[PDB]
């Protein structure tokens, strides 16, 4: 069991920026992956970012690529999502989620598949409006 506490977010004008934090507490695995997802009104929850417990293997949806950057604290079990150049379509509830990494044939894979995530956070509201 691990627990995920989201922090950050709120209301911002178009062109603004934000930084989401997700603190990971409890019995963590040796190798896992943290993913950022978001759910906009009238749409299904979508993946936004994925990062390894190492801090690497970052991947992003082509809809936030170049604007969002996922990272990890080097002295803490906290994962950040820096969101730049926000547009009104970025308005959603953002969720942090944890999943085990996949070990197969001597190789590790760090993915954040929606249906596979093992632990979810409560989510935090992010509104980009004028």
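Positions refer to the first chain, counted from 1.
When the two stretches 80-88 and 23-31 are set side by side, the higher mean Cα temperature factor goes to 23-31. Per the PDB record, 75 has a higher Cα B-factor than any other of 48, 97, 93, 75. Among the modelled residues of its chain, residue 4 has a C-alpha B-factor that falls in the middle third, as given in the PDB entry. In the PDB entry, a CA B factor belonging to the highest third of its chain's modelled residues is recorded for residue 52. The deposited CA B-factor of residue 106 belongs to the highest third of values across its chain. Among all modelled residues in its chain, residue 67 ranks in the middle third by Cα B-factor.
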